[PDB]
Amino acid sequence: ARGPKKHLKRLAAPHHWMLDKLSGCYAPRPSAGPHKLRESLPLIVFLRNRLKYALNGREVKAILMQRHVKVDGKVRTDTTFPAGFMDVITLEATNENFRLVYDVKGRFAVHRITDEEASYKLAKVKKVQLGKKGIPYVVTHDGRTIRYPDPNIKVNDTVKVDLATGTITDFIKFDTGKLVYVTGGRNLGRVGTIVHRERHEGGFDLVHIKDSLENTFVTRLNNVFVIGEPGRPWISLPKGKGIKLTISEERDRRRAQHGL
Amino acid sequence: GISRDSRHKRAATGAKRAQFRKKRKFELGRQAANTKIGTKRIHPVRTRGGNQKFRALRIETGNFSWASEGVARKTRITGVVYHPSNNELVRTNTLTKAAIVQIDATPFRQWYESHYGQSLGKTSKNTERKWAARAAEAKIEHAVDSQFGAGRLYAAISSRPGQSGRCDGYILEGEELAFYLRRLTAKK
Amino acid sequence: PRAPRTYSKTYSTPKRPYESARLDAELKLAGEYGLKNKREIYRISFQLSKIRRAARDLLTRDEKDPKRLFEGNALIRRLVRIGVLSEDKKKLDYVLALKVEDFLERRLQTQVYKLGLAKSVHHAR
Amino acid sequence: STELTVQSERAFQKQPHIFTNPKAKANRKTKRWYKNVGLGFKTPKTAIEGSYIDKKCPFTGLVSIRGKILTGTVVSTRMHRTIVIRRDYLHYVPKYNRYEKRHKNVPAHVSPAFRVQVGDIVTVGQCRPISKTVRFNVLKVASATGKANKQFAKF
RNA sequence: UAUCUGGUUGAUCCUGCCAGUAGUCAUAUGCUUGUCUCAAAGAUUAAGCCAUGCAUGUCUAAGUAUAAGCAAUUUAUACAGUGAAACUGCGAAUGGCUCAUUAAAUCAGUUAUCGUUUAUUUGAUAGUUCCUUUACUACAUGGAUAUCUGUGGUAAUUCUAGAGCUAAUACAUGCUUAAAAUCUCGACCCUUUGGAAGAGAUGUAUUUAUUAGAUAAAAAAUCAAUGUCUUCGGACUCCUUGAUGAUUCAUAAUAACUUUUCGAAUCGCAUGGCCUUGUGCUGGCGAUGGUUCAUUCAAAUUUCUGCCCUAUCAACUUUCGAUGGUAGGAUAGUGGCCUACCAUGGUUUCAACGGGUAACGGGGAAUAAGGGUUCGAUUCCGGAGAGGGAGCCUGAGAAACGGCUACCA
RNA sequence: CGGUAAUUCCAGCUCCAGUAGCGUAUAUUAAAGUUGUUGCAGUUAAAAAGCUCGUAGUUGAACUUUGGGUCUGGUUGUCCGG
RNA sequence: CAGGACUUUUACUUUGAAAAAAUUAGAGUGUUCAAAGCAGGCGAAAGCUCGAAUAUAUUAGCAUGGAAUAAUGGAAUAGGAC
RNA sequence: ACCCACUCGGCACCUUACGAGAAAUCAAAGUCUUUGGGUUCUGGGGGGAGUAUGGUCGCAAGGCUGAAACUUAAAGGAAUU
RNA sequence: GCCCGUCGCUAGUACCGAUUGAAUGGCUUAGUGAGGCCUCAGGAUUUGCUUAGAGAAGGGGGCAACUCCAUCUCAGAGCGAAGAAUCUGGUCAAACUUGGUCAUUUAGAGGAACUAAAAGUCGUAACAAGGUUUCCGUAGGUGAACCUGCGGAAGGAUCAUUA
Ligand SMILES: [Mg+2]
Ligand SMILES: [Mg+2]
Ligand SMILES: [Mg+2]
Ligand SMILES: [Mg+2]
Ligand SMILES: [Mg+2]
Ligand SMILES: [Mg+2]
Ligand SMILES: [Mg+2]
Ligand SMILES: [Mg+2]
Ligand SMILES: [Mg+2]
Ligand SMILES: [Mg+2]
Ligand SMILES: [Mg+2]
Ligand SMILES: [Mg+2]
Ligand SMILES: [Mg+2]
Ligand SMILES: [Mg+2]
Ligand SMILES: [Mg+2]
Ligand SMILES: [Mg+2]
Ligand SMILES: [Mg+2]
Ligand SMILES: [Mg+2]
Ligand SMILES: [Mg+2]
Ligand SMILES: [Mg+2]
Ligand SMILES: [Mg+2]
Ligand SMILES: [Mg+2]
Ligand SMILES: [Mg+2]
Ligand SMILES: [Mg+2]
Ligand SMILES: [Mg+2]
Ligand SMILES: [Mg+2]
Ligand SMILES: [Mg+2]
Ligand SMILES: [Mg+2]
Ligand SMILES: [Mg+2]
Ligand SMILES: [Mg+2]
Ligand SMILES: [Mg+2]
Ligand SMILES: [Mg+2]
Ligand SMILES: [Mg+2]
């Protein structure tokens with residue numbers, strides 16, 4: 001009905017916002033940005049509901065204004081700016097750097113990171129095409145277009161963007177026996193190896209993934225994000241190395257590592 | 001206004017559908033331009049998402065392509081002789097797409113002369129040399145040649161003049177041209 | 001248009017109102033544990049029933065099957081914590097045999113009475 | 001379907017932007033454009049060699065096969081260049097723990113590269129809307145001859 | 001959490017109902033009513049009618065202040081502190097409400113856009129505007145118009161006439177700009193192995209052509225064109241090409257076209273670096289803008305499958321498009337969406353079509369052995385509508401009603 | 001039930017039930033194996049078409065690689081807690 | 001693996017992928033209890049730290065394992081297979 | 001043609017039910033709470049009523065199809081003294 | 001004992017129905033048709049360019065085509081560009097006049113019902129062989145149960161007459 005929608009009801013929000021059912025009718029709708037609405041994570045949520053540096057929206061706004069938050073080197077001032085997967089959130093005071101990565105369960109984890117890694121962003125390849133004047137460009141599944149790419153970078157390949165300038169420093173080819181991260185579905189937040197790649201030339205390629213504990217699962221190709229060569233990831237993965245325990249196992253862990 | 005909705009239609013079964021929702025602006029369709037010949041007059045229309053289509057009510061000139069030779073020239077359109085959809089259009093002189101029209105042809109003739117030097121109906125040294133290098137390539141379909149003699153070439157419009165404002169096409173060649181001629185003859 | 005608040009009816013009335021023996025039993029129970037209403041008793045019964053439903057379901061699933069192993073175990077643990085099940089009977093099969101008295105003999109009422117501090121249940125209440 | 005003639009109506013029917021230069025004379029004399037649809041399907045020799053036209057052919061025209069690929073038996077050939085496909089299936093009624101036999105007719109477009117009789121089983125591919133009801137285009141006709149080899153009983 | 005009990009008889013066993021019993025985010029209502037927490041609430045009938053008030057406006061160092069505003073005081077003799085108004089920009093298409101319509105419609109899950117539009121967003125990105133090249137706006141072009149000041153009209157309204165000034169990121173115009181490479185033309189010489197001095201054109205967007213957008217492997221003979229090195233027998237060697245399941249795709253190239261789109265005459269704070277010692281040439285961080293391609297928020301359609309009663313609805317659709325074809329028109333684009341010519345189809349006892357709904361669809365709710373039955377106006381998601389019907393303006397987006405135009409009430 | 005001993009009316013006293021709640025009305029679900037797929041009935045209680053043919057529908061005899069052997073992974077009971 | 005070359009076609013069943021959140025079932029957690037909520041918990045009580053799980057929905061589409069059951073197809077003018 | 005013995009198909013009948021059933025009774029009315037061989041039709045308390053109405057078929061009588069309002073605590077079945 | 005129908009009485013439901021009845025809505029024949037949008041014109045007015053002659057007191061840096069200046073500025077007139085009212089055809093199409101039609105309602109002179117209340121009237125049809133055994137189909141007849149043909153059924157008062 002008539003043009004774009006501008007609000008978001010609290011229940012209609014992505015569940016991995018971890019937003020509480022009460023204390024409001026509305027949720028912070030991610031503005032038009034680099035990442036998809038449902039796959040994003042607004043700055044407000046990151047600030048208030050994760051790190052707890054702000055108490056309310058006004059506080060968040062104030063924080064933003066003094067030009068201190070930095071999403072991928074660039075500044076940002078939107079409360080509802082949609083930082084998503086692999087995005088580096090740097091705070092100038094505190095000197096903390098964060099990379100937005102998922103965890104074993106599904107939601108965005110607070111993952112503290114060093115300045116040596118915070119310099120670069122890792123990004124999947126969505127499209128490879130020749131643009132105007134015959135100039136080749138690559139499209140990252142995370143927002144960007146990069147002109148004149150290395151011509152053996154194809155779709156689904158992951159790319160090390162140096163972020164400070166925005167040039168491709170290095171890349172990983174999508175292939176069997178390469179460390180992978182799942183970014184959508186039930187298996188989202190899981191880390192694996194790629195055992196096999198089914199095709200079905202028509203609709204949705206399925207990739208078979210084994211983790212470190214020899215525990216195979218299948219996801220769609222567009223949910224699968226390459227991260228390195230097995231055992232050696234290009235980024236630091238969060239605590240619990242994207243592993244997925246069974247519920248009982250988790251409970252046991254909780255019990256046996258008690259230290260109140 | 002004229003709407004392109006499939007709401008007002010009957011279903012596959014022949015069932016008359018009930019009137020759900022009043023007609024929308026995204027369903028809309030505007031009046032026919034039905035362009036005439038003589039003195040250039042082009043009205044812009046604001047479409048969806050900004051953008052302009054150009055209604056070409058009254059057009060005189062047009063640039064037409066000789067696909068064999070590989071050249072196109074701006075030329076006067078003088079009359080619609082045949083239109084596949086409707087004889088009414090022909091009667092009117094309504095310039096549309098796929099209509100068959102008569103072109104001034106003089107520019108084409110001039111071009112030909114410049115190129116080969118052979119002329120249709122009956123200097124420097126470099127030019128002569130060039131001509132020599134060419135030749136025998138200058139033969140053409142007989143029908144075209146005949147037309148040239150009269151001074152008016154048959155061409156088909158391939159632009160949608162109601163959409164672009166631009167009125168453009170291709171000079172009639174080969175089998176298609178022959179077919180068109182036959183059709184014309186039949187009509188007479 | 002704010003997110004709806006969840007209610008839950010926490011008791012269930014009997015399916016037959018004047019079952020005389022049942023009524024007398026209820027009365028006796030009330031007398032024993034200084035209960036203001038039959039409502040309290042009903043609440044307890046409802047609670048018991050919920051537990052039973054869970055337990056039965058668990059039983060219906062194969063033993064050593066994950067869900068049974070987990071949820072059932074958790075339930076058992078909870079029961080032991082509350083003090084309704086005894087350490088002899090961490091079994092899930094024993095969960096079905098519980099009966100209303102064990103819940104009433106665990107209220108801050110009865111407990112208060114049974115540690116001194118009172119002289120009868122009413123006083124404690 | 002076409003059925004004879006080719007150059008049969010008010011307008012000259014040609015493949016758009018296919019040019020057959022009437023100066024340097026070729027082997028085919030008129031150039032024919034075709035493409036393979038993909039998905040493992042094969043472009044027939046009737047399509048490549050033929051003289052017919054069609055914008056709505058998946059091989060020689062402008063439509064592109066994408067999305068759903070269905071199969072079913074042919075019910076009606078009667079309307080020109082198109083077909084009707086019956087598509088029998090079982091609808092599960094959960095209360096009675098049993099199945100209803102159901103129907104649904106799919107109107108589909110028939111490229112003149114095919115010989116289609118009533119009763120032939122046909123593989124049909126989804127494409128861009130073609131008419132009021134048609135969304136589908138015939139890709140493969142499975143009933144090849146029936147019993148056109150030995151029709152007469154005499155050994 | 002698998003339960004029944006009273007009533008047909010003089011008594012009996014049944015069939016059968018009626019009556020009881022229990023629940024209802026199920027309404028009403030009758031009596032009562034101390035406390036704590038939680039909290040539905042003009043849906044049902046009349047999508048009946050509406051007094052009065054409010055519900056959408058908005059300004060930052062950073063578009064435009066000569067308020068004849070306030071300042072007032074130790075950046076102004078161009079401005080420079082705040083700042084009403086007004087212009088410009090943006091928003092008012094979200095939200096909120098309601099369920100009247102609506103039964104293959106909506107809607108749900110599922111596809112598709114190789115079938116399109118998309119403000120904003122985040123990435124991208126444009127030496128080519130010139131047009132002959134011995135004296136030219138670019139150290140910056142033009143005319144308006146608001147507020148304001150004054151003169152009024154009317155019983156009246158968020159009615160605006162007349163005059164006088166005055167702004168722009170409003171509205172119009174319109175400059176720089178190389179080097180190279182490539183494509184159109186040849187003052188001549190010297191009888192071939194021919195080969196060139198120098199002159200014009202080339203951005204993008206637009207339009208129609210046309211061409212390229214290759215790729216299953218190796219080895220020839222020679223006939224027409226006839227190149228390059230000749231160590232004058234002759235060799236010929238290293239000879240481009242992205243993506244998809246798939247394209248006439250991406251993209252490039254030649255042809256021209258065009259009542260020639262865009263290519264910064266815009267703002268704030270910084271006041272840094274070389275002296276050819278000019279006030280010269282320079283240079284930092286930003287705002288707004290602007291091209292196409294991205295992307296993001298979206299968008300129209302779209303695939304397959306699924307709706308409640310009814311045969312006291314069995315044939316329905318096709319003059320006035322029904323089903324299909326062809327061409328055009330129209331549209332953001334696909335399509336009988338519409339028009340012309342043609343064909344006679346399309347749906348149906350596996351209920352078409354018609355009728356009803358005290359029908360918005362779904363998530364769900366009540367009940368609660370298992371299976372079911374009934375409900376879902378209503379907090380979330382879709383969809384409709386703003387008394388009824390039309391029709392449109394502005395805009396990225398509305399067939400908008402706290403926009404306009406009409407008719408009916 | 002009530003026509004002169006009314007345990008049924010109207011009151012008084014006792015008592016029972018639920019209890020800050022309880023009653024009445026109309027729906028609706030369970031009770032209903034009184035809608036039946038699970039799961040009902042049809043000689044006499046309601047109900048077998050007067051009878052046969054018959055398109056759709058539903059349904060429809062049996063029959064094609066069974067048997068052995070050879071190693072080889074597990075997964076719980078056991079045989080001790082090594 | 002990466003490419004042909006064509007594969008009788010189903011129904012059924014399997015595991016997987018999808019069936020928004022709330023609701024439902026359910027793990028954790030002394031809202032003083034509870035309905036709830038997604039909180040909290042532990043310190044030197046200088047800072048540290050678990051959390052915010054899981055499971056369901058079978059109609060339709062998609063993916064794969066199975067080949068009993070039920071159907072369909074092939075060589076009888078052989079124009080059949082190598 | 002009888003007579004005996006066996007055998008398929010038929011109209012029935014007699015005695016027992018170990019099965020059914022409310023019972024009368026039933027070799028099916030059995031192989032049904034130990035509930036599923038395949039199928040078509042019909043019933044859902046008694047009246048109103050095989051009525052009203054609309055179809056349709058009949059020359060007509062009529063047939064097939066077939067309600068509701070309202071009404072009512074029983075109408076019935078088999079057996080008993 | 002039980003018990004059936006006619007005619008009575010009192011209520012209450014529904015049914016048919018003369019009324020050329022009434023009302024509302026949905027389609028619709030013929031004819032009209034607001035308003036926008038598009039389009040053919042129209043051209044109030046609004047300006048720009050022509051060197052188109054001025055009075056102007058350096059109307060371009062000293063009598064003079066000003067050592068003539070977007071000079072003083074109107075008759076020009078030609079050439080544009082913008083453009084309101086109005087206007088020709090369309091197109092979408094609310095609506096309106098007279099009819100017709102379907103649906104649902106609604107007055108309704110009269111008529112024919114059924115139920116309820118079952119101390120009215122006439123019989124006694126059925127239940128016993130109910131005093132003519134009951135039923136059923138059908139046809140005729142009657143004051144009313146009903147009676148009487150023709151065919152059938154025991155739910156009959158008969159499971160019965162060998163040879
Ligand atoms: Mg695809
Ligand atoms: Mg655009
Ligand atoms: Mg039950
Ligand atoms: Mg009786
Ligand atoms: Mg009695
Ligand atoms: Mg009851
Ligand atoms: Mg207090
Ligand atoms: Mg209301
Ligand atoms: Mg404004
Ligand atoms: Mg809204
Ligand atoms: Mg080509
Ligand atoms: Mg292209
Ligand atoms: Mg077309
Ligand atoms: Mg409704
Ligand atoms: Mg509903
Ligand atoms: Mg609803
Ligand atoms: Mg309603
Ligand atoms: Mg209103
Ligand atoms: Mg409106
Ligand atoms: Mg309002
Ligand atoms: Mg509104
Ligand atoms: Mg007394
Ligand atoms: Mg019930
Ligand atoms: Mg029964
Ligand atoms: Mg009977
Ligand atoms: Mg069989
Ligand atoms: Mg719960
Ligand atoms: Mg009855
Ligand atoms: Mg009897
Ligand atoms: Mg008009
Ligand atoms: Mg008698
Ligand atoms: Mg008698
Ligand atoms: Mg009887």
# chains A, B, ... in the order shown; residues from 1 in each chain; ligands from 1
>>> residues_near_ligand(ligand="ligand 3", cutoff="10 Å", atoms="only C-alpha atoms (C1' of nucleotides) and all ligand atoms", output="list in words")
residues 2, 368, 369, 370, 371 and 372 of chain E; 30, 31, 32, 33 and 39 of chain F
>>> residues_near_ligand(ligand="ligand 27", cutoff="12 Å", atoms="only C-alpha atoms (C1' of nucleotides) and all ligand atoms", output="JSON, numbers by chain")
{"C": [6, 7, 8, 9, 10, 50], "G": [23, 24, 25, 26, 27, 35, 36]}
>>> write_last_selection(atoms="N, CA, C and O atoms (P, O5', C5', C4', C3', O3' and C1' of nucleotides)", output="PDB file, in the first residue's frame")
ATOM      1  N   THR C   6       0.787 -12.254  28.224  1.00  0.00           N
ATOM      2  CA  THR C   6       0.333 -13.637  28.391  1.00  0.00           C
ATOM      3  C   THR C   6      -0.293 -13.904  29.757  1.00  0.00           C
ATOM      4  O   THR C   6       0.317 -13.639  30.799  1.00  0.00           O
ATOM      5  N   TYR C   7      -1.522 -14.414  29.730  1.00  0.00           N
ATOM      6  CA  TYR C   7      -2.181 -14.941  30.921  1.00  0.00           C
ATOM      7  C   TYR C   7      -2.201 -16.458  30.844  1.00  0.00           C
ATOM      8  O   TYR C   7      -2.100 -17.037  29.757  1.00  0.00           O
ATOM      9  N   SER C   8      -2.329 -17.091  32.005  1.00  0.00           N
ATOM     10  CA  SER C   8      -2.580 -18.522  32.084  1.00  0.00           C
ATOM     11  C   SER C   8      -3.426 -18.833  33.306  1.00  0.00           C
ATOM     12  O   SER C   8      -3.074 -18.459  34.430  1.00  0.00           O
ATOM     13  N   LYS C   9      -4.559 -19.492  33.062  1.00  0.00           N
ATOM     14  CA  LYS C   9      -5.392 -20.056  34.119  1.00  0.00           C
ATOM     15  C   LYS C   9      -4.589 -21.168  34.796  1.00  0.00           C
ATOM     16  O   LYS C   9      -4.182 -22.140  34.146  1.00  0.00           O
ATOM     17  N   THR C  10      -4.351 -21.002  36.097  1.00  0.00           N
ATOM     18  CA  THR C  10      -3.427 -21.864  36.846  1.00  0.00           C
ATOM     19  C   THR C  10      -4.102 -22.997  37.645  1.00  0.00           C
ATOM     20  O   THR C  10      -3.419 -23.784  38.310  1.00  0.00           O
ATOM     21  N   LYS C  50      -0.070 -31.255  35.065  1.00  0.00           N
ATOM     22  CA  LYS C  50       0.844 -30.757  34.044  1.00  0.00           C
ATOM     23  C   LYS C  50       2.113 -31.625  33.989  1.00  0.00           C
ATOM     24  O   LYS C  50       2.575 -32.045  32.913  1.00  0.00           O
TER      25      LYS C  50
ATOM     26  P     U G  23       5.023 -15.429  23.544  1.00  0.00           P
ATOM     27  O5'   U G  23       3.714 -16.211  23.078  1.00  0.00           O
ATOM     28  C5'   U G  23       2.401 -15.677  23.341  1.00  0.00           C
ATOM     29  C4'   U G  23       1.348 -16.478  22.618  1.00  0.00           C
ATOM     30  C3'   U G  23       1.287 -17.958  22.959  1.00  0.00           C
ATOM     31  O3'   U G  23       0.656 -18.239  24.203  1.00  0.00           O
ATOM     32  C1'   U G  23       1.171 -17.700  20.619  1.00  0.00           C
ATOM     33  P     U G  24       1.360 -19.236  25.245  1.00  0.00           P
ATOM     34  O5'   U G  24       1.374 -20.627  24.465  1.00  0.00           O
ATOM     35  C5'   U G  24       0.155 -21.340  24.168  1.00  0.00           C
ATOM     36  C4'   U G  24       0.458 -22.623  23.428  1.00  0.00           C
ATOM     37  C3'   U G  24       1.423 -23.570  24.124  1.00  0.00           C
ATOM     38  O3'   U G  24       0.788 -24.323  25.152  1.00  0.00           O
ATOM     39  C1'   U G  24       2.049 -23.342  21.852  1.00  0.00           C
ATOM     40  P     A G  25       1.501 -24.488  26.581  1.00  0.00           P
ATOM     41  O5'   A G  25       2.602 -25.605  26.302  1.00  0.00           O
ATOM     42  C5'   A G  25       2.217 -26.961  25.992  1.00  0.00           C
ATOM     43  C4'   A G  25       3.376 -27.739  25.416  1.00  0.00           C
ATOM     44  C3'   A G  25       4.652 -27.794  26.254  1.00  0.00           C
ATOM     45  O3'   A G  25       4.612 -28.721  27.334  1.00  0.00           O
ATOM     46  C1'   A G  25       5.216 -27.342  24.012  1.00  0.00           C
ATOM     47  P     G G  26       5.250 -28.325  28.755  1.00  0.00           P
ATOM     48  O5'   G G  26       6.779 -28.031  28.406  1.00  0.00           O
ATOM     49  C5'   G G  26       7.700 -29.096  28.089  1.00  0.00           C
ATOM     50  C4'   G G  26       9.031 -28.534  27.644  1.00  0.00           C
ATOM     51  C3'   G G  26       9.801 -27.746  28.693  1.00  0.00           C
ATOM     52  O3'   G G  26      10.526 -28.589  29.581  1.00  0.00           O
ATOM     53  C1'   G G  26       9.771 -26.525  26.675  1.00  0.00           C
ATOM     54  P     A G  27      10.993 -28.034  31.010  1.00  0.00           P
ATOM     55  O5'   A G  27      12.444 -27.450  30.710  1.00  0.00           O
ATOM     56  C5'   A G  27      13.497 -28.311  30.234  1.00  0.00           C
ATOM     57  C4'   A G  27      14.787 -27.545  30.039  1.00  0.00           C
ATOM     58  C3'   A G  27      15.203 -26.590  31.153  1.00  0.00           C
ATOM     59  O3'   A G  27      15.775 -27.239  32.284  1.00  0.00           O
ATOM     60  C1'   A G  27      15.521 -25.544  29.060  1.00  0.00           C
ATOM     61  P     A G  35       3.670 -19.363  36.947  1.00  0.00           P
ATOM     62  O5'   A G  35       2.707 -18.359  36.169  1.00  0.00           O
ATOM     63  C5'   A G  35       1.288 -18.610  36.099  1.00  0.00           C
ATOM     64  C4'   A G  35       0.536 -17.361  35.700  1.00  0.00           C
ATOM     65  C3'   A G  35       1.098 -16.565  34.528  1.00  0.00           C
ATOM     66  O3'   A G  35       0.868 -17.158  33.259  1.00  0.00           O
ATOM     67  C1'   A G  35       0.420 -15.085  36.236  1.00  0.00           C
ATOM     68  P     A G  36       2.110 -17.503  32.316  1.00  0.00           P
ATOM     69  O5'   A G  36       3.134 -16.319  32.624  1.00  0.00           O
ATOM     70  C5'   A G  36       3.404 -15.291  31.655  1.00  0.00           C
ATOM     71  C4'   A G  36       3.625 -13.948  32.314  1.00  0.00           C
ATOM     72  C3'   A G  36       4.841 -13.182  31.812  1.00  0.00           C
ATOM     73  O3'   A G  36       4.615 -12.560  30.552  1.00  0.00           O
ATOM     74  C1'   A G  36       4.812 -13.114  34.167  1.00  0.00           C
TER      75        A G  36
END
>>> residues_near_ligand(ligand="ligand 10", cutoff="10 Å", atoms="only C-alpha atoms (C1' of nucleotides) and all ligand atoms", output="list in words")
residues 1, 2 and 5 of chain A; 93, 94, 95, 96 and 97 of chain E
>>> interface_residues(of="chain D", to="chain A", cutoff="8 Å", atoms="only C-alpha atoms", output="JSON, numbers by chain")
{"D": [39, 66, 67]}
>>> write_last_selection(atoms="N, CA and C atoms", output="PDB file, in the first residue's frame")
ATOM      1  N   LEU D  39      18.960 -26.548 -19.203  1.00  0.00           N
ATOM      2  CA  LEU D  39      18.346 -27.490 -18.238  1.00  0.00           C
ATOM      3  C   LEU D  39      18.456 -28.975 -18.639  1.00  0.00           C
ATOM      4  N   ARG D  66      12.336 -20.616 -17.657  1.00  0.00           N
ATOM      5  CA  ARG D  66      12.827 -20.472 -16.275  1.00  0.00           C
ATOM      6  C   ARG D  66      11.734 -20.722 -15.239  1.00  0.00           C
ATOM      7  N   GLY D  67      12.135 -21.230 -14.077  1.00  0.00           N
ATOM      8  CA  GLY D  67      11.202 -21.522 -12.992  1.00  0.00           C
ATOM      9  C   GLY D  67      10.778 -22.974 -12.996  1.00  0.00           C
TER      10      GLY D  67
END
>>> residues_around(residues="residue 3 (chain E)", least_positions_apart="5", cutoff="12 Å", atoms="only C-alpha atoms (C1' of nucleotides)", output="list in words")
residues 14, 15, 16 and 19 of chain C; 21 and 22 of chain E; 31 of chain F
>>> write_last_selection(atoms="N, CA, C and O atoms (P, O5', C5', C4', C3', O3' and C1' of nucleotides)", output="PDB file, in the first residue's frame")
ATOM      1  N   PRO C  14     -13.270 -29.431  39.065  1.00  0.00           N
ATOM      2  CA  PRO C  14     -13.561 -30.841  38.782  1.00  0.00           C
ATOM      3  C   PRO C  14     -14.651 -30.997  37.724  1.00  0.00           C
ATOM      4  O   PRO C  14     -15.538 -30.141  37.611  1.00  0.00           O
ATOM      5  N   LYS C  15     -14.578 -32.093  36.970  1.00  0.00           N
ATOM      6  CA  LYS C  15     -15.485 -32.358  35.846  1.00  0.00           C
ATOM      7  C   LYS C  15     -16.885 -32.811  36.295  1.00  0.00           C
ATOM      8  O   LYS C  15     -17.793 -32.955  35.472  1.00  0.00           O
ATOM      9  N   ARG C  16     -17.039 -33.017  37.606  1.00  0.00           N
ATOM     10  CA  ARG C  16     -18.278 -33.466  38.233  1.00  0.00           C
ATOM     11  C   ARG C  16     -18.362 -32.782  39.607  1.00  0.00           C
ATOM     12  O   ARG C  16     -17.504 -33.027  40.461  1.00  0.00           O
ATOM     13  N   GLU C  19     -19.451 -34.838  43.648  1.00  0.00           N
ATOM     14  CA  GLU C  19     -18.945 -36.175  43.942  1.00  0.00           C
ATOM     15  C   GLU C  19     -18.570 -36.148  45.423  1.00  0.00           C
ATOM     16  O   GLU C  19     -17.573 -35.525  45.802  1.00  0.00           O
TER      17      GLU C  19
ATOM     18  P     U E  21     -26.373 -28.263  35.700  1.00  0.00           P
ATOM     19  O5'   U E  21     -25.118 -29.234  35.566  1.00  0.00           O
ATOM     20  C5'   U E  21     -24.784 -30.178  36.602  1.00  0.00           C
ATOM     21  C4'   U E  21     -23.537 -30.936  36.224  1.00  0.00           C
ATOM     22  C3'   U E  21     -22.400 -30.077  35.698  1.00  0.00           C
ATOM     23  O3'   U E  21     -21.726 -29.370  36.729  1.00  0.00           O
ATOM     24  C1'   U E  21     -22.689 -31.929  34.266  1.00  0.00           C
ATOM     25  P     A E  22     -21.371 -27.820  36.530  1.00  0.00           P
ATOM     26  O5'   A E  22     -19.998 -27.878  35.726  1.00  0.00           O
ATOM     27  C5'   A E  22     -18.907 -28.687  36.200  1.00  0.00           C
ATOM     28  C4'   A E  22     -17.871 -28.863  35.119  1.00  0.00           C
ATOM     29  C3'   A E  22     -17.464 -27.597  34.375  1.00  0.00           C
ATOM     30  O3'   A E  22     -16.572 -26.773  35.116  1.00  0.00           O
ATOM     31  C1'   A E  22     -17.879 -29.307  32.812  1.00  0.00           C
TER      32        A E  22
ATOM     33  P     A F  31     -16.772 -36.100  23.303  1.00  0.00           P
ATOM     34  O5'   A F  31     -17.871 -36.369  24.427  1.00  0.00           O
ATOM     35  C5'   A F  31     -17.548 -37.104  25.627  1.00  0.00           C
ATOM     36  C4'   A F  31     -18.594 -36.887  26.697  1.00  0.00           C
ATOM     37  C3'   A F  31     -19.976 -37.474  26.424  1.00  0.00           C
ATOM     38  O3'   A F  31     -20.056 -38.868  26.708  1.00  0.00           O
ATOM     39  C1'   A F  31     -20.210 -35.257  27.200  1.00  0.00           C
TER      40        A F  31
END
>>> atom_distance(atom1="CA of residue 102 (chain B)", atom2="CA of residue 76 (chain B)")
8.6 Å
>>> residues_near_ligand(ligand="ligand 28", cutoff="12 Å", atoms="only C-alpha atoms (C1' of nucleotides) and all ligand atoms", output="MDAnalysis selection string")
(chainID E and resid 16:17) or (chainID F and resid 46) or (chainID H and resid 43:49 72 75)
>>> select_by_dssp(residues="region 55-178 of chain B", states="alpha helix (DSSP H)", output="PyMOL selection string")
chain B and resi 87-92+106-115+125-133+142-150+161-164+174-178
